[PDB]
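Residue numbers (this note's numbering), protein chains in the order written: chain U, 1 to 38; chain A, 39 to 76.
This report refers to the structure that appears directly beneath it.
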C-alpha cells in the first residue's frame, strides 16, 4: 500500500543510514521499522 | 515532512496497535518506529 505521513528530516535522514547500511529502501526501511519497533 | 512509500500488509496495518493502542498517530507511529527499529 501507498502511505503518506509526517516524518521530518531527523527521521528521513534516519531512513538513509539505516536503509543503506541495511540494504533497504525508503519503503523497505520504513516497513521494517514497524516490524522491529519496541 | 510528507513522504509517500510502499508498505504492504503486516506493517502498514501493523500501525494500528502500535499507534492507536499506544496513543500515537499514523506519523508519530511511523516516526517512532524509526526511533526504536532494530
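Even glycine gets a Cβ: it sits at the ideal position worked out from N, Cα and C.
- Among the residues facing chain U, residue 39(A) is included, as its CB has a counterpart in that chain under 9 Å away.
- Excluding residues up to 5 positions away in sequence, 63, 64 and 67 lie with their Cβ nearer than 7 Å to the Cβ of residue 57(A) in the same chain.
- Taking C-beta atoms as the reference points, residue 36(U) and residue 55(A) fail to come closer than 9 Å.
- Taking C-beta atoms as the reference points, residue 45(A) and residue 1(U) count as a pair closer than 9 Å.
- Residue 24(U) does not reach chain A, its nearest Cβ partner there being about 10 Å away, counting only Cβ pairs nearer than 7 Å.
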